[PDB]
J.: 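One structure follows; several queries about it will come next.
Only heavy atoms go into these numbers, but all of them, side chains included; no hydrogens, no water, no symmetry mates. In what follows, chains are A, B, ... by sequence order, proteins preceding strands, each numbered from 1.
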Amino acid sequence: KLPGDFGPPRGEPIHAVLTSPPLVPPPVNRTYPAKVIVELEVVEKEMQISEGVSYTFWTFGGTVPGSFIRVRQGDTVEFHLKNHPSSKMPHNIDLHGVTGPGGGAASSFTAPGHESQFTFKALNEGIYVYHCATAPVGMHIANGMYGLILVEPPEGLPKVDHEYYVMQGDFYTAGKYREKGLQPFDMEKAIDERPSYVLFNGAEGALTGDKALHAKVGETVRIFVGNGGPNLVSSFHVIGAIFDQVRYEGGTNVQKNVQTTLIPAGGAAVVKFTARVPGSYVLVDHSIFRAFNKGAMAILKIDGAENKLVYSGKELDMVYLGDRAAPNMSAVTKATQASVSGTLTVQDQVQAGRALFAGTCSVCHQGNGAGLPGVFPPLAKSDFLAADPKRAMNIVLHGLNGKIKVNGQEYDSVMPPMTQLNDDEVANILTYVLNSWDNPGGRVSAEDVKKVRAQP
Amino acid sequence: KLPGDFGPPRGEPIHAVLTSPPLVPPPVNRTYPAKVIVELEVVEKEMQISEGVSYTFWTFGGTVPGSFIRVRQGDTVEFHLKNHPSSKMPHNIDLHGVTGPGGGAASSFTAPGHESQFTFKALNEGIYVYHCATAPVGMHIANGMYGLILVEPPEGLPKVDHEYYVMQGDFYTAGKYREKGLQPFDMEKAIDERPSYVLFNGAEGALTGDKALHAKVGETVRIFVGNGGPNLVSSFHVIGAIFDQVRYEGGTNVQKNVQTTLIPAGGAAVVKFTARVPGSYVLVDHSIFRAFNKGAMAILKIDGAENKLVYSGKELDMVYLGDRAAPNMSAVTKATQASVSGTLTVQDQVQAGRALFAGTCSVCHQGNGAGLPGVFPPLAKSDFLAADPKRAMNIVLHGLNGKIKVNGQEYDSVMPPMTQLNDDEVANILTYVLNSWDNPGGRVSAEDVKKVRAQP
Amino acid sequence: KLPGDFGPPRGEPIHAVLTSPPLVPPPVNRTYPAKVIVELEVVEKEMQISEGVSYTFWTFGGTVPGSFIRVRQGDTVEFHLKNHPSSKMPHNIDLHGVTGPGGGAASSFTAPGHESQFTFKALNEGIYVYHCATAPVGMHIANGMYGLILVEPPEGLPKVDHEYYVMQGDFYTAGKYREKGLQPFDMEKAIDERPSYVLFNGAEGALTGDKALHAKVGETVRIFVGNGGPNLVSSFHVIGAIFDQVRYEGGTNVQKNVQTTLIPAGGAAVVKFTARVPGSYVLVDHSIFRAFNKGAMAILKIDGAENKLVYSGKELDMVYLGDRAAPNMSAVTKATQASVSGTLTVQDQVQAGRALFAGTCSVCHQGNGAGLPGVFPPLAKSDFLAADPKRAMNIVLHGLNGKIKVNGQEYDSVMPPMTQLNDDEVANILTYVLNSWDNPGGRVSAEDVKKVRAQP
Ligand code: HEC
Ligand code: HEC
Ligand code: HEC
Ligand SMILES: [Cu+2]
Ligand SMILES: [Cu+2]
Ligand SMILES: [Cu+2]
Ligand SMILES: [Cu+2]
Ligand SMILES: [Cu+2]
Ligand SMILES: [Cu+2]
């Protein structure tokens with residue numbers, strides 16, 4: 001009598017169904033223990049962590065997080081790890097929930113071009129993080145080597161309408177947030193736990209806009225929530241909703257009716273959500289600068305009838321979500337590609353600036369640049385802008401306060417500095433503004449902003 | 001059948017009673033669902049975050065945290081948000097516990113001089129954070145835009161003798177801890193989660209000394225504990241006591257008999273305390289440098305009979321609480337004002353130095369400067385001090401070790417450096433010491449300390 | 001009727017049995033309340049925080065964490081604190097679980113050479129942190145002044161086969177991780193919560209290798225887990241296993257069947273582990289850079305029969321644990337001593353480099369330097385190494401990529417930079433490699449690495 005003692009494996013071996021985020025393999029739907037064969041392949045590959053920002057990820061199965069594994073408590077798992085011949089590093093795995101030293105690390109050590117296997121019985125029901133366990137472990141985990149394995153209870157989880165896979169991670173780029181180009185891993189930021197990005201599913205906007213999760217009013221949604229870390233603890237929160245329940249790993253304790261829950265580094269939870277009114281529900285790390293300054297936001301979008309007795313308000317918009325209220329920011333991807341190619345047009349910059357202007361600028365100056373007479377000066381046919389377009393660069397970088405006059409109206413207010421914006425973002429935003437609302441046109445270049453940022 | 005389905009509103013509309021911290025509105029004390037009208041006004045205003053340190057807070061209702069809202073599960077809330085015409089920024093609100101996208105953010109968007117409303121049914125019982133949800137959200141939250149809303153269970157919470165409102169926040173000033181003057185918000189420290197202050201209720205000493213919470217031996221105290229963040233998770237702890245219970249948001253789980261509990265960023269809990277012996281109980285973030293180096297301490301002061309069989313010890317003092325054992329440090333406020341005015345007297349400095357000397361210096365050199373023969377040299381009629389008063393500045397900033405002689409007694413010990421003290425604090429402490437215990441008198445200036453700090 | 005109201009003390013006074021980590025005093029094994037006399041002495045002393053790295057710890061009872069205290073709920077504790085005459089600082093104590101202001105702080109204030117006492121009834125059952133409460137509190141806690149006190153329930157905890165004492169802390173050295181020499185406390189890193197070390201029981205390798213905790217297959221292990229902080233929250237995790245249960249302080253909630261659990265700063269928990277298969281189980285802070293870059297790993301080593309049906313895999317090794325897979329790194333201690341003495345031999349460096357080569361280098365280049373043809377170039381009789389031994393220093397510090405040829409085989413791969421290695425570590429590793437596998441011999445000095453690190 002160990003736990004998860006259900007018998008020796010019966011029937012034929014089952015090849016495990018591994019899914020890519022944000023999807024989950026189907027419930028095993030069986031009453032007997034099985035020998036489950038898992039084949040997982042490590043791939044090292046460049047992917048976009050943000051628009052026009054590439055990163056060399058180390059992946060289980062080509063994604064961050066890695067492929068989702070689903071087995072049944074009592075199963076015997078024969079775990080095959082392949083390391084693709086293109087890999088430069090060796091890799092291995094530690095699966096939380098494994099009973100044995102290293103969670104499989106020693107026996108799963110796998111050089112590029114090789115394959116390893118070890119076998120384990122899944123004694124422990126629950127949701128568990130797996131990750132690479134190769135020195136230096138922090139580097140392998142920071143580069144994206146984590147995912148979830150579910151060990152079902154023998155009777156399976158209660159049925160829901162949808163099951164999704166969401167995994168938080170902290171990332172450490174040499175360059176700053178949204179600085180374009182291929183970004184190396186930064187060991188110094190990693191050791192200090194100062195990530196440049198905090199993401200769901202390996203990228204900014206991975207689960208926003210046209211990539212949101214979906215359900216309908218009345219449906220139940222189970223989310224398998226991982227925190228791969230490596231270093232951060234998530235104040236994991238759903239905006240505008242509540243979790244019916246939150247259960248950590250294989251724990252006996254189940255919390256019900258909470259909105260904010262702490263997920264340890266390396267931790268995992270199953271949360272349940274019941275859709276009650278339509279609109280966009282935001283999954284965040286409520287350490288707010290992560291959610292709103294580093295990418296740590298995901299969307300569950302609910303379709304169906306409004307319930308005015310429950311909520312009279314409008315759908316989420318750019319005031320809260322900023323530039324992620326849109327379907328995508330693919331104009332920024334295209335403008336960055338054109339810059340690298342030396343083929344950047346005015347229109348490339350305009351469309352990029354339009355994407356970034358949302359929230360960042362429109363919260364005060366409005367979508368149409370009209371502002372609000374006497375409170376927020378207009379950017380639309382702005383005489384003050386026209387009178388010295390170049391100074392707009394200083395205003396964005398270093399802010400503006402004091403008495404000014406715009407389209408012959410008096411303002412005495414404060415525009416905070418926005419120095420975190422990269423040279424290309426300032427250039428594109430300002431090029432957008434100059435080419436909108438009958439402004440004079442022309443363009444601002446990243447190089448122009450670089451020169452101004454460097455002026456003391 | 002949604003939750004909190006108690007009927008349509010009955011009776012007349014109720015104007016919500018909003019309280020300022022640390023007080024709470026009274027229990028709604030009713031058996032029927034109501035239409036509750038809430039009017040909350042945003043005010044941007046300078047307040048003292050520390051003695052002689054001003055900060056431009058963004059507030060719900062003129063305080064940090066913002067006004068406390070109390071309604072009943074099943075109530076229909078008509079939420080009016082006004083943004084005062086003096087505001088420079090637009091603002092809005094996201095109330096945790098609201099069922100709907102953004103927790104009210106889109107419909108509550110409110111320019112300076114304007115008013116917005118949206119309606120929501122309070123389906124979810126519990127204690128919930130609300131906060132501003134205006135891009136850039138981290139900035140609005142960092143500037144103080146958070147508070148708590150309680151949704152009572154339909155039968156109301158159990159009666160206690162006292163209900164208080166305590167909310168932790170992390171703050172990001174350009175200047176260092178206790179550097180005097182009007183301190184701007186520092187976006188860089190905020191993004192990096194490196195706060196200069198960690199406070200309860202928007203200021204150092206907000207809940208210490210003459211501003212402590214009160215109760216008596218035998219009474220029960222309920223505290224509504226918020227963490228507005230934006231970024232920090234509180235290792236929330238009561239020194240010298242225990243919580244009878246800790247309940248997060250609307251959760252079904254209630255923890256009992258704990259002293260230390262983790263509150264997520266954006267999280268809230270109700271804690272219960274039973275006073276058993278008199279004295280000062282300290283609420284801290286037990287990430288100790290926050291509690292003892294950044295302001296994260298609050299006091300619950302208990303009156304009544306000593307129980308020597310339970311505790312024989314003395315009341316908290318300056319050894320633990322340092323300069324917050326006193327009623328206030330208002331001498332520091334007055335000395336800083338006089339400096340700005342150019343009217344700083346020797347006595348202004350003396351009284352300021354006396355406030356700061358407690359804990360900081362008195363732990364070793366004693367309240368009376370006598371020290372302890374052969375262990376801690378005296379500052380009282382100190383020949384070593386008199387022999388070169390100027391060098392006292394180097395001793396405070398950079399510490400002192402090695403063999404010295406003072407009032408013809410031998411010392412060979414270590415005075416740690418105290419370089420975190422600002423120029424004005426060193427000047428005032430040393431001016432206090434020179435004017436006490438028959439020392440030679442004179443004064444040390446901030447400018448003198450500035451010159452020494454700059455010497456290599 | 002207060003809690004823990006079991007009567008007045010009966011029988012003779014009991015002198016409390018205090019143990020040194022990782023051991024625990026025996027169960028009190030009694031059915032009556034007692035007067036328990038505790039005598040705890042503060043000692044300030046240099047100890048090795050890492051091999052060849054000394055730190056001036058401030059200790060309760062000569063260890064970090066301090067001596068373990070065990071009493072029974074309902075006991076009257078007469079607490080004597082002595083501060084050894086060698087101390088330079090005054091000290092005192094705050095015991096979590098004490099009912100009274102400061103947890104004993106005011107009455108336990110104790111100058112060097114003095115003794116204090118206060119009395120308290122242990123009303124609250126549970127595991128509790130104690131720590132020093134002397135301004136500046138963060139400094140005293142950072143220097144090691146914490147431990148655990150257990151208050152047993154009146155019937156005692158359930159019997160287990162083993163009880164161990166593990167306490168996490170964050171430490172703040174002026175120098176970087178593994179920089180040799182006597183390291184001062186760094187107030188700036190402490191205030192910023194940027195520790196250089198994160199340790200169990202006051203040192204790197206305190207609970208690894210020949211110092212691992214032990215049990216056998218089938219036995220139950222209770223671990224009293226403290227987090228003294230001062231600042232960090234532990235994502236406390238056991239690699240390759242599960243906790244049967246996790247109970248915080250005196251809480252009524254008990255979590256069962258979890259692998260990862262958040263321990264607040266100043267928090268404590270009792271965890272239970274049932275050994276099911278042999279090998280090394282790693283206790284970590286799963287904020288991974290702490291566990292793998294700063295020292296936050298401890299071992300529970302299980303003896304007994306392999307269960308191939310549960311786990312087919314091999315024992316933990318250097319791939320995961322790196323240089324802590326070995327019994328000790330005492331060659332590094334000896335090489336550092338010899339350097340300070342000016343008697344550093346080639347063999348001293350070789351044996352030190354051999355200790356550090358494990359994981360750090362062997363994960364790719366193998367234990368025998370053979371590498372893996374076409375993937376990892378060999379260090380064994382390496383023509384590329386021999387061709388310019390000096391350049392090996394640049395390769396270690398700054399990494400190597402691009403097409404190279406070694407023992408006439410083509411490589412085009414990436415060796416990451418390893419700039420975190422100190423001058424002495426690079427020197428010793430390279431001296432080890434030059435003196436192994438028929439390489440040319442010679443030696444590299446710390447001074448050689450210093451010059452290269454400084455080259456731009
Ligand atoms: C509200 C917090 C604002 C955000 C976000 C942005 N701007 Fe702004 N801007 C704002 C104020 C209150 C003022 C007037 C400052 C004063 O001294 O009273 C401004 C000013 C400008 C100007 C110059 C005036 C004009 O042409 O109307 C420009 C060109 C401008 N702002 C542009 C701008 C851009 C491009 C932004 C996004 C990057 C942006 N602003 C944000 C208030 C706020
Ligand atoms: C205990 C940790 C101390 C605190 C806090 C402060 N001081 Fe100190 N001081 C201390 C020691 C052990 C010594 C002797 C150092 C040695 O080499 O043995 C000192 C020395 C001084 C002196 C010079 C000697 C004298 O005049 O008595 C001065 C002027 C002094 N200390 C002042 C001082 C002030 C103003 C402090 C608060 C800012 C302070 N000290 C803190 C021990 C400790
Ligand atoms: C895998 C991540 C590695 C670790 C850890 C270390 N090394 Fe390495 N090394 C590696 C590769 C893929 C290469 C070839 C780089 C290329 O451009 O293809 C290297 C190269 C070296 C060399 C030069 C070649 C040789 O002599 O074989 C030396 C001297 C070397 N490496 C030494 C070295 C030492 C001492 C390490 C621990 C500090 C170490 N390496 C780690 C891959 C990896
Ligand atoms: Cu890997
Ligand atoms: Cu892990
Ligand atoms: Cu706001
Ligand atoms: Cu929120
Ligand atoms: Cu101490
Ligand atoms: Cu404490």
J.: Suppose we screen for ring pair (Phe, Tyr, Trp, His ring centres under 6.0 Å). Which residues come up paired with C/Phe60, at least two apart in sequence or across chains?
T.: C/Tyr130

J.: Just to verify, which of C/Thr134, C/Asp94, C/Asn92 counts as forming a side chain to side chain donor-acceptor pair (under 3.5 Å) with B/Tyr320?
T.: C/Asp94

J.: Side chains of C/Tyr128 and C/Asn124, heavy atoms from C-beta outward: is any pair under 4.5 Å?
T.: yes

J.: Report which part of B/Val238 has an atom under 4.5 Å of a heavy atom belonging to chain C: side chain, backbone, both, or neither.
T.: neither

J.: Ring centres of C/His84 and C/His114 under 6.0 Å apart?
T.: no

J.: In terms of heavy-atom proximity below 4.5 Å to chain B, should C/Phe79 be classed as side chain, backbone, both, or neither?
T.: neither

J.: C/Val233 versus chain B, heavy atoms under 4.5 Å apart: side chain, backbone, both or neither?
T.: side chain

J.: I need the contact set between residues 186-193 of chain C and chain B: heavy-atom distance under 4.5 Å, sorted by residue number.
T.: C/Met187, C/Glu188, C/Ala190, C/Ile191, C/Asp192, C/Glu193

J.: If I measure from the heavy atoms of chain B, does C/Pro136 come under 4.5 Å with its side chain, its backbone, both, or neither?
T.: neither

J.: At a heavy-atom distance under 4.5 Å, which candidate from B/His237, B/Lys294, B/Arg194 has the highest pair count against chain C?
T.: B/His237

J.: Has B/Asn227 got a side-chain atom pairing as donor or acceptor with B/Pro264's backbone, closer than 3.5 angstrom?
T.: yes

J.: So what's closer than 4.5 Å to chain B heavy atoms on C/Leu123: side chain, backbone, both or neither?
T.: side chain

J.: Would you mind checking if C/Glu125 and C/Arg247 are paired as a salt bridge, meaning a charged N to carboxylate O distance below 4.0 Å?
T.: yes

J.: Below 4.5 Å from any heavy atom of chain B, which atoms of C/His131 appear? Answer side chain, backbone, both or neither.
T.: side chain

J.: Compile the donor-acceptor pairs under 3.5 Å between side chains in residues 360-367 of chain B and protein atoms, sequence neighbours left out, one pair per line.
T.:
unit_1, atom_1, unit_2, atom_2, d
B/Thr360, OG1, B/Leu356, O, 3.2
B/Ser362, OG, B/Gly359, N, 2.9
B/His365, ND1, B/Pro377, O, 2.8

J.: Are C/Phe6 and C/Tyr32 near enough that their ring centres are under 6.0 Å apart?
T.: no

J.: With sequence neighbours left out, what residues match B/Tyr172 under side chain to side chain donor-acceptor pair (under 3.5 Å)?
T.: B/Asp170, B/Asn231

J.: Heavy-atom cut-off 4.5 Å, strictly under: side chain, backbone, both or neither for B/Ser413 against chain C?
T.: both

